Amino acid sequence: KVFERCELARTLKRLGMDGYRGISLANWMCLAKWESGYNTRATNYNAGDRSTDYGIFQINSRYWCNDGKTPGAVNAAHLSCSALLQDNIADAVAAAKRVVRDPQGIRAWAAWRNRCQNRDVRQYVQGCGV
């Protein structure tokens, strides 16, 4: 599923993402936008280390979800990577919360540093009623 901007904003708020570990909803929106374009079935294979990023938040198979084909992988979140390609984002959200429970926080995603960090991100949630 490809979420419409505000539709996603409201859904993330309802799921308790606003201010989770100090991360504003605007920031979670900026991350989803650059990671997958708000697309739940987005997948990206990293030929360099043989891992794959899954879902709306592009969660990595080496540490957060299990896909069986990733060399020396762990399952911090403890989910099947399959769960992160569903239209319902409850599991993707729980996985994203687990990632930021590590000291790096939102910085775990390279894309966030490049396109969100130290920027005016209000535009991602403006007019959505959140």
Side-chain angles (χ1 to χ4, degrees):
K1 168 185 186 190
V2 179
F3 280 81
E4 305 237 80
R5 189 175 60 93
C6 292
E7 175 194 9
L8 178 62
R10 291 188 291 267
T11 298
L12 291 182
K13 191 162 198 299
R14 194 163 56 244
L15 298 174
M17 290 294 257
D18 198 14
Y20 188 80
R21 283 265 298 181
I23 306 162
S24 72
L25 183 63
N27 276 297
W28 285 116
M29 284 297 290
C30 183
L31 174 76
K33 158 73 166 69
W34 293 102
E35 286 301 336
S36 65
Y38 312 138
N39 184 1
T40 58
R41 50 140 55 227
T43 72
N44 195 81
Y45 180 66
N46 300 302
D49 71 344
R50 309 176 136 109
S51 63
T52 304
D53 296 322
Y54 295 91
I56 195 164
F57 292 119
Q58 289 290 278
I59 288 167
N60 194 265
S61 58
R62 177 166 305 283
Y63 325 87
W64 315 107
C65 67
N66 174 39
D67 73 0
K69 61 171 165 73
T70 302
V74 288
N75 209 347
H78 295 97
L79 272 157
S80 160
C81 296
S82 179
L84 310 176
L85 298 166
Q86 299 184 74
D87 279 358
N88 179 293
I89 66 171
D91 291 330
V93 156
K97 285 180 177 173
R98 166 59 193 105
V99 176
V100 305
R101 248 179 259 136
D102 250 43
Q104 279 189 293
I106 188 86
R107 287 157 170 67
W109 287 274
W112 186 79
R113 303 119 74 94
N114 303 344
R115 15 267 306 202
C116 305
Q117 170 177 218
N118 306 145
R119 300 193 186 243
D120 184 4
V121 292
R122 294 187 215 104
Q123 65 173 285
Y124 296 100
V125 296
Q126 235 55 190
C128 301
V130 290

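Numbering of residues begins at 1 and proceeds along the displayed sequence.
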Colleague: Any donor-acceptor pair under 3.5 Å linking the side chain of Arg5 with the backbone of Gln126?
Modeller: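 Indeed, once roles are kept as given, a pair shorter than 3.5 Å links the two residues.
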
Colleague: Is any side-chain heavy atom of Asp67 closer than 4.5 Å to a side-chain heavy atom of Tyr54?
Modeller: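 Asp67 vs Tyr54: side chains touch.
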
Colleague: For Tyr38, is the OH atom crowded, meaning more than 12 foreign heavy atoms sit under 6.0 Å from it?
Modeller: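 More than 12 heavy atoms, drawn from other residues, nucleotides or ligands, come within 6.0 Å of this atom.
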
Colleague: Roughly how far, to the nearest 0.5 Å, is the CG atom of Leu85 from the CG atom of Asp91?
Modeller: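 The distance works out to 11.0 Å.
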
Colleague: Take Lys69 and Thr52 through the side-chain contact (heavy atoms from CB on, under 4.5 Å) test and state the conclusion after the steps.
Modeller: CA-CA 9 Å; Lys69 61 171 165 73; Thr52 304; 3.3 Å; yes

Colleague: Within the supplied structure, the quantity of interest is the number of heavy atoms (other residues, nucleotides, ligands) at a distance under 6.0 Å from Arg101 CZ; does it exceed 12?
Modeller: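 Buried by this count: over 12 neighbours within 6.0 Å.
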
Colleague: Answer yes or no: is there a donor N or O on one side and an acceptor on the other, between the side chain of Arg115 and the main chain of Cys30, under 3.5 Å?
Modeller: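 No, the answer is negative, given that no donor and acceptor are paired below the 3.5 Å cut-off.
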
Colleague: So, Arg21 side chain and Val100 main chain: donor-acceptor pair closer than 3.5 Å or not?
Modeller: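 Yes: the side chain of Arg21 pairs with the backbone of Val100.
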
Colleague: Could you go step by step and tell me if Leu79 and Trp64 meet the side-chain contact (heavy atoms from CB on, under 4.5 Å) rule?
Modeller: CA-CA 7 Å; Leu79 272 157; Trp64 315 107; over 6 Å; no

Colleague: Can you tell me if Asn44 uses its side chain to pair, donor with acceptor, with the backbone of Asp53 under 3.5 Å?
Modeller: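 Judged by distance alone, no pair lies under 3.5 Å.
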
Colleague: Test of understanding: with side-chain contact (heavy atoms from CB on, under 4.5 Å), list the residues that count as partners of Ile106, not counting sequence neighbours.
Modeller: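 Per chain and number, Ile106 pairs via side-chain contact (heavy atoms from CB on, under 4.5 Å) with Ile23, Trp28, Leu31, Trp109, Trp112.
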
Colleague: Is there a side-chain contact between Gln123 and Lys33 (heavy atoms, below 4.5 Å)?
Modeller: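 When only atoms from C-beta onward are counted, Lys33 and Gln123 do not touch, as no gap falls below 4.5 Å.
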
Colleague: Are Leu12 and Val130 packed together at the side-chain level, in the sense that at least one heavy-atom pair is separated by less than 4.5 angstrom?
Modeller: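 Sidechains of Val130 and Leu12: no contact.
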
Colleague: Test your reading of the model: is there a side-chain donor-acceptor pair from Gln58 to the backbone of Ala42, 3.5 Å cut-off?
Modeller: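 The answer is yes, because a donor-acceptor pair under 3.5 Å joins these two groups.
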
Colleague: Within the distance-only criterion (no hydrogens, no angle test), does the side chain of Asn66 pair as donor or acceptor with the backbone N or O of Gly68 below 3.5 angstrom?
Modeller: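 Yes, the answer is positive, given that a donor and an acceptor are paired below the 3.5 Å cut-off.
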
Colleague: Within the 4.5 Å heavy-atom criterion, are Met29 and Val121 side-chain neighbours or not?
Modeller: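 No, every pair of side-chain atoms sits at 4.5 Å or beyond.
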
Colleague: Under 3.5 Å, is there a donor-acceptor pair between the side chain of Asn60 and the main chain of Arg62?
Modeller: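 Side chain of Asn60 to backbone of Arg62: a pair is present.
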
Colleague: Between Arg50 and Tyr45, is there a side-chain heavy-atom distance shorter than 4.5 Å?
Modeller: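 A side-chain contact exists here, since the closest heavy-atom pair is under 4.5 Å.
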
Colleague: State, with a plain yes or no, whether a side-chain heavy atom of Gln117 is found less than 4.5 Å away from one of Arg107.
Modeller: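 Heavy-atom side-chain distance check passes, below 4.5 Å.
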
Colleague: Would a hydrophobic clustering, with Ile, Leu, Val, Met, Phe, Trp and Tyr connected at side-chain separations under 4.5 Å, put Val2 with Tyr124?
Modeller: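 They do not share one cluster, since no chain of ILVMFWY contacts under 4.5 Å joins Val2 to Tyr124.
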
Colleague: Provide the closest heavy-atom pair for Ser80 versus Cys65 in the form atom of the first, atom of the second, distance.
Modeller: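 Taking every non-hydrogen atom into account, C-CB, 4.3 Å.
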
Colleague: Looking only at heavy atoms, which two atoms of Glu7 and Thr11 are closest? And how far apart?
Modeller: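 So the minimum-distance heavy-atom pair works out to O-OG1, 3.0 Å.
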
Colleague: Between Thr40 and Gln86, does a side-chain contact (heavy atoms from CB on, under 4.5 Å) hold up when you go through it step by step?
Modeller: CA-CA 7 Å; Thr40 58; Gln86 299 184 74; over 6 Å; no

Colleague: Any non-hydrogen side-chain atom of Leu8 less than 4.5 Å from a side-chain atom of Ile89?
Modeller: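 A side-chain contact exists here, since the closest heavy-atom pair is under 4.5 Å.
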
Colleague: Which heavy atom in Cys116 sits nearest to a heavy atom in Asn27, and how many Å separate them?
Modeller: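 Minimum heavy-atom contact is CB-OD1, 4.4 Å.
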
Colleague: Keeping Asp18 on the side-chain end and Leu25 on the backbone end, is there a donor-acceptor pair under 3.5 Å?
Modeller: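 Yes, because the side chain of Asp18 sits within donor-acceptor range (under 3.5 Å) of the backbone of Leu25.
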
Colleague: Is it the case that atom NZ in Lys97 sees more than 12 heavy atoms from other parts of the structure closer than 6.0 Å?
Modeller: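 Yes, NZ of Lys97 has more than 12 neighbouring heavy atoms, counting only those of other groups under 6.0 Å.
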
Colleague: So, for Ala96 and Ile59, which heavy atoms are closest and what is the spacing to 0.1 Å?
Modeller: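 Scanning both residues, the minimum pair turns out to be N-CD1, 3.9 Å.
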
Colleague: Mind checking the CZ-CG spacing from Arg113 to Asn118? Nearest 0.5 Å is all I need.
Modeller: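 These two atoms lie 11.5 Å from each other.
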
Colleague: Please name the pair of heavy atoms, one in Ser36 and one in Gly55, separated by the smallest distance, quoted to 0.1 Å.
Modeller: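 Heavy-atom minimum between the residues: CB-O, 3.6 Å.
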
